[PDB]
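To start, the structure under review is shown below, and the notes come after it.
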Amino acid sequence: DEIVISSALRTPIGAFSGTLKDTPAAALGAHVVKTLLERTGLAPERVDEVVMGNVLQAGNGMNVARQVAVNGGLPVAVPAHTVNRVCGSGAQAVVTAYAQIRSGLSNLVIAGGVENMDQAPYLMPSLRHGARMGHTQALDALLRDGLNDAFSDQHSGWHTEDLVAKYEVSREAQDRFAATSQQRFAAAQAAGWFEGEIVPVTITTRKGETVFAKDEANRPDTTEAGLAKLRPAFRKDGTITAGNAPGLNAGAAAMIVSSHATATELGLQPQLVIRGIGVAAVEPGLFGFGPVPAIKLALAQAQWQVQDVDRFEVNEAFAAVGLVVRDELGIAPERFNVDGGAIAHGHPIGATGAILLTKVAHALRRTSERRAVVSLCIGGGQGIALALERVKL
Amino acid sequence: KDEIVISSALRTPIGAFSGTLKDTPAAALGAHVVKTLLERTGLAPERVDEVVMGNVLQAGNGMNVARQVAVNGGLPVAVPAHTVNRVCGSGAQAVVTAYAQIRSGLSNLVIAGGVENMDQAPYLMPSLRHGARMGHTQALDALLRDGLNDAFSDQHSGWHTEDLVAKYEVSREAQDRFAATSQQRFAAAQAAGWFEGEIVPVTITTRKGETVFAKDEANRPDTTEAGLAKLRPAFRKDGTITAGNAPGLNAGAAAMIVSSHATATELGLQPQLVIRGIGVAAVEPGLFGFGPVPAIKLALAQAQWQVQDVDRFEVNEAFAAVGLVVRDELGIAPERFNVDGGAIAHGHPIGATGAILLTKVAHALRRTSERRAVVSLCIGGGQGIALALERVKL
Amino acid sequence: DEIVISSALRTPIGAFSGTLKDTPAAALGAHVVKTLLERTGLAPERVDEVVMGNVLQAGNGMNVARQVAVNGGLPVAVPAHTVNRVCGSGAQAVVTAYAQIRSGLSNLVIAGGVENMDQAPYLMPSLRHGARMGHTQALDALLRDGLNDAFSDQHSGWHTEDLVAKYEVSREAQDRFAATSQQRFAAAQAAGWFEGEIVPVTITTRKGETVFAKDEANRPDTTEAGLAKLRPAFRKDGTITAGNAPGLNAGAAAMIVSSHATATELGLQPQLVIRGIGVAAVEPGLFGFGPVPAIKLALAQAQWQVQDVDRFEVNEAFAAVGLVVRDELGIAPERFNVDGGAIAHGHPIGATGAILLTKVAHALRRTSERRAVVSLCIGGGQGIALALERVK
Amino acid sequence: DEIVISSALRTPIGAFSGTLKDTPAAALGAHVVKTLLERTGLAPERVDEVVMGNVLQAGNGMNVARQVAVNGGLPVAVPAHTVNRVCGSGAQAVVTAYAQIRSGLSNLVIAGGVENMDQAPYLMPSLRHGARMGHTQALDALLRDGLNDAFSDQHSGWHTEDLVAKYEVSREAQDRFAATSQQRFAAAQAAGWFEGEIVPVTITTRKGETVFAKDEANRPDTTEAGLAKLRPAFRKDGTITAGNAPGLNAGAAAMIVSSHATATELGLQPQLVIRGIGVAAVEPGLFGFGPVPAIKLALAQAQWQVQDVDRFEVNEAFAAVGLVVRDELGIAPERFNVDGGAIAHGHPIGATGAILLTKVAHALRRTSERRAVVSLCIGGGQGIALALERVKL
């Protein structure tokens, strides 16, 4: 009856123009899936479906999920499809898996997400049928398909300044939150707390192989004083900066989704039980609020109250989004993004939801905490949340 | 289990390559169908729990096509939406996704469909972000890179389908006979008014005014076996597949309501089909045209139907060769296979086609009083999707 | 030691997106040169140099003039170079030829110009080293390298509205001049007056040929009433429209330049003597005035005055430029662009100067007029003029 | 009347992706012209014309020569035009000037050339009227308009392998020539022999200012042993490498051309008399041979024999071209590219001819040598040569 997550694994997260800049999103997912199969010893024929989140599908080739599955070493008989709920896509893949299992379409699904923002191409809308006369634009696909609202064409960061204004989120509070994310992430990383969830990727370049084993996007030297000096990135009188938002990152995460009975039968070690799912939508312009209704839905399904939850893992799309969700729900600061968030480690859009589920799977194992919520705000005005309970042993 | 049903299946007419819809984004086509569906049904917009849309060529369509379809279709901003991609099967996948959400208790009512506009697919410049440095560089047609070329070989779907032709010994003449028959069946059904009920007109604004696009335009009623025999192979020098025994590069949208039978009745909807069986299968990428065979067998097994129980099979004409291989492998009577013609005539707007075929069957069973149908599509990359569908008695 | 023009020939002029849209400028020039050699029977080894004007060189390949020469059938031993004085380039090629002959560097030069504005590519300045993040521009080379001023980045038509304001050139006068250009051109064309100067080009398509034999860009049905309805193209409350300016055209012209003695020695039939050359420069913003100082310089060299000249052939860059030059010099309206101009036939930038020299060579032969001036205004603020006399 | 060159000056030559990568060719020419006017005190009204060579005109804006003239500070009443005889363009500008003066069209011309190969754009031939369906090419303009033959579409370096084969030019001879070019250039540079001809350019960058005062493309540490290790650049079994050919360089040069009488009247100090001009053409495929007929034409006009010439300055388009021209004409190695050539300093195509005239003007002043020949081979199968005599005082 219970649907469980087993063997959650992720790549380290690459910086913009960083170690993963030449490695397609689909190749990162294939690497995690191959490693997952090697470590679990799961019979590849027991995989009924591969579901992968991917937002910037432009130029990635036919059906990213099918490339992840086949290049990950699964038999050609394993079906696969790609899901896009923007920032929530990596968590959506796990919700899709849950729905397939609960509806009887699948017994075991490999679910996750992939993204590489460097690898997003430029688009030429006028090249097919011609520009005819006069200058024409080449669009950055990461803005057109990933970060700009589809209704306004304004950046997500520009819209988030209206969330800042509505909830009176001070520059000082955003920079305090951002510095704390960096400090928490650096301490956890140094303590080895992310080694269990990370699978190394070997990158071959010119006359070199480089073993990419550790998240590279974080800035342990970040201070409130340093952050206060940065210029607003999206509006002249704004509060959001390069320092209180994540970068343009690359990575992949994947996990096994099955009934508890299926996991036990196949000698898997379940990490989390899915106790509740929430998917909600709000005004595109206030998309940072999306986690609030989504979390309420997930908690209602789990029959939990906010104060019953050991940790909330809410995507740091902006420091401002973290603060609005934490403060609106009255979550204790010590229980909110406990080991740091995307401001430190990065936001590889379509993978981030799978990365946060992976983080919580390993954090509950280490701490013996019982109850967690993963939630992400979603460009276009949506929210996704999963209520998750540790499985013992 | 309560029965999961399809209600109010509707589609745009299908545009030709460089045709009437060439300047109308896929998301705008879906928005138009959703708006019309809400207007005609009077469905309370707050009772829509999710919009799921198939779309294969997402490049340049903007953030989350399904959310654009939902919001521009007039649904409240409180309705969530996501986009699915199982290539050619995406429009049928959206309905399977809806089924799974309802059966799992995540949703009570979903608007599901698909959208595609192949003219609107942009060119891609992989080297523009970090530079070409020195030497010529390529601009990729996204239609090929993300839609029609296999991701493993980079060869066209049509090139791979010549290996299906060789394996099953499908003659050029058999493919051209099938293609001519698809055009003749489609033209006769169209002229008889059999597609009027499923089609919603789209008003297109241009420099020189408005065009009311009300009728499929990609079909060639004058097609003959003799005319098709004149054409050159499109994909291999010694090949059999031509521009005439394959569909075009088309544009369109289709959408429908998916819910329990009880939910449909409660909200004053008129269910058209019950989903009796779902099959999703995968095969060698190189032999993807065979995908419907295992998918149909899975869907029939779930419905507890045999091939001979099915009044009509609606199998996507990705190529005439795929239609022939699937029909003959399953032993389906030619008179019961793509009865009113298929994609060779009306077109293959990739991510919408699965939703278009479900829509076609919903209206055809209502007209004929046929009881049982199977919709199936082969899928680039080596997959197959099938739904076993039963008419609801109204 | 008179320098003469012989065997001036041109292609018909193609419309924007018209019959020549798939035929490179260099191929148009090659075709004229091949035809010129076939008709004259000139020994190819007697050609010392090929000089070709071409403004939009982007994407045309290494040295357009050398492609015209070699693809035109001349021996590989014939040197060639490409000149760019924007709108004046096709006339500049003939001035370059004159200078080479008078200085003893050459005895016989094939000089002309080529342009195909459809064939001008788009430019991607950010593709070499990357756009990194954010949308980036692809430039239309015909604007960047051909029609926009290099200092202001404003269109030539936008700058010409300041010439209109300075000289108080009414919209009605511009439209009357434009209608008259169309009417004069259509009547002359119908009378066969352009047959002698035009060489047909065969264009190969699908499984088909098109023989392109006649200018296609003109609008014989043009009226003042029709032109009055058009919207300003360059400024909101402007006077310049699509109807009182030329299009974005394609074509080529070429001719033999030599001493009179060399022409006679080689059995050529000289058409014109170059009696005077003027090259002048003005404010980029008032480039339409450029022909005035250039014409005065050319007339001074020829020891002619305006009233001595049977016809002026001044490029119709805009109707406004034609009117300003005509009225500043006091030229009789019936002696100014007598058989119509670029508003009707088109302005294939780098070829136009060679096309106007070609037109005048054939018009003086037909009319027995003695004296002509060819002049063009030049984007960036220049003018070129040649004073020309009919050879018997 | 003698036609003379006065006040020949050049920028230092930039490396590919080097100091001048963001400075348009037209701006480099403007800087030389402005400096030339400032130093000579020449009355700007006495300039009858500016003629500039430029090969890669794509994207440089309307009429590069007019931009050089106007941005160089000359009155708008000075006419200007741009010439293109590919690699010979910078020398062609001086021949054009000579012809204008001798024919009476001009009394005084500022002639030179400009090029910036980094600044050459990519071209999209199919963007105006559309690619319709299928992949399409974006062309590197430096290949399409500058370095690939217009008839074969093969690189100039690929064609030069046929010159190598015809004249049996060994790899070892090419590498010896290239090493010697580097050694000669480095010694001459260190001796201060290029200070007189070079005008510094101040480059304003994001982070501040660079005073670019010295040629940067040369490799003084070059050895025959090092060059022997390099892979062929153009054919698998080839001899031409990155080390025995010049780079993709940027720079400008300009000079005053006038009668001797005009120069003296205006207080200029003539450096060279033009005693002979040769322009020749050959098979496009053997364009490296072009200097041979061109030099014979220039020497015939000057009534000189090869052995009467104190130094030959023949553009090092490839080491192979230098060797073929030197050995075909029987020129003493000690009198051929005496202070090094383009393999060391670079080949900024449309400027190189003006750079070589400038180099010879200053070298004859220093050495009191009487007679020089400047010659360049030209893509498409041409050659240009000038026979030049030192003017005293």
Side-chain angles (χ1 to χ4, degrees), chain A residues 24-26 29 49-70 79-86 88-90 92-93 95-97 100 111-115 120 141 145-146 349-350, chain B residues 26-27 30 51-69 81-98 100 112-118 120-121 142-151 157 253-254 280 282 285 288 291 316 348-355 377-385:
Chain A
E49 173 106 44
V50 175
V51 185
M52 292 285 146
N54 185 227
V55 180
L56 304 170
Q57 296 181 31
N60 290 350
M62 191 186 282
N63 192 359
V64 161
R66 178 63 164 168
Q67 295 177 62
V68 166
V70 170
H81 76 286
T82 310
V83 295
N84 181 354
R85 200 194 296 275
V86 204
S89 297
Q92 180 60 49
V95 171
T96 300
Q100 289 204 10
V114 301
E115 205 79 57
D145 295 334
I349 311 308
Chain B
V51 175
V52 184
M53 292 287 146
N55 185 229
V56 180
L57 303 170
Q58 296 182 32
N61 291 350
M63 193 185 277
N64 192 358
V65 160
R67 180 61 164 169
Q68 294 178 63
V69 166
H82 76 284
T83 310
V84 295
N85 181 355
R86 200 194 296 274
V87 204
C88 325
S90 297
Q93 179 61 49
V95 173
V96 170
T97 301
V115 301
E116 205 80 56
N117 189 329
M118 291 173 90
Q120 282 285 312
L143 192 155
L144 293 185
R145 173 59 180 149
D146 294 337
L148 295 182
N149 290 349
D150 180 72
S157 292
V280 177
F288 72 91
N316 190 222
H348 182 16
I350 310 310
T353 306
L377 305 93
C378 73
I379 302 177
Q383 309 190 58
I385 190 161

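Below, each value reflects all heavy atoms present in this structure, side chains not excepted, and no hydrogens, waters or symmetry copies. Each chain gets a letter, A, B and so on, in the order the sequences are listed, and its residues count up from 1.
- Nearest heavy-atom pair, A/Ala93 versus A/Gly112, reported as atom, atom and distance to 0.1 Å: CB-O, 3.1 Å.
- Put simply, the side chain of A/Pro24 does not reach to within 4.5 Å of the side chain of A/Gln67, judged on heavy atoms.
- Heavy-atom minimum distance, B/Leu377 versus B/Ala92: CD1-CB, 4.0 Å.
- Here CD1 of B/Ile350 is found 8.0 Å from CG of B/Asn316. Values are rounded to the nearest 0.5 Å.
- Looking only at distances, a side-chain donor or acceptor of A/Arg66 sits under 3.5 Å from a matching main-chain atom of B/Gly382.
- Within the 3.5 Å criterion, the main-chain N or O of A/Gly350 finds a donor-acceptor partner in the side chain of A/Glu115.
- Remark: the backbone N or O of A/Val55 is not paired with any side-chain donor or acceptor of A/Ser89 at under 3.5 angstrom.
- Of all heavy-atom pairs between B/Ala98 and B/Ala112, the closest is CB-CB, 4.1 Å.
- Of all non-hydrogen atoms in B/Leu148 and B/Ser157, the two that sit nearest each other are O-OG, 2.7 Å.
- For the residue pair B/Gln93 and B/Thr97, a side-chain donor N or O sits within less than 3.5 Å of a side-chain acceptor on the partner.
- The two residues A/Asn54 and A/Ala25 have their closest heavy-atom pair at ND2-CB, 4.2 Å.
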| field | Verdict with supporting geometry, A/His81 and A/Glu49, side-chain hydrogen bond (donor to acceptor under 3.5 Å, both in side chains) | value | CA-CA 8 Å; A/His81 76 286; A/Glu49 173 106 44; 2.9 Å; yes
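- Of the possible polar contacts, none joining the A/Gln57 side chain to the A/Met62 backbone as a donor-acceptor pair under 3.5 Å is found.
- A side-chain donor-acceptor contact under 3.5 Å links A/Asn63 and A/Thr82.
- Of the possible donor and acceptor atoms, one in the side chain of B/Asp146 sits under 3.5 Å from a partner among the backbone N and O of A/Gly61.
- For the residue pair A/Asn84 / B/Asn85, no side-chain donor-acceptor distance below 3.5 Å is found, with atom types taken as modelled.
- B/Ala253 approaches B/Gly30 most closely through the heavy-atom pair CB-N, 3.6 Å.
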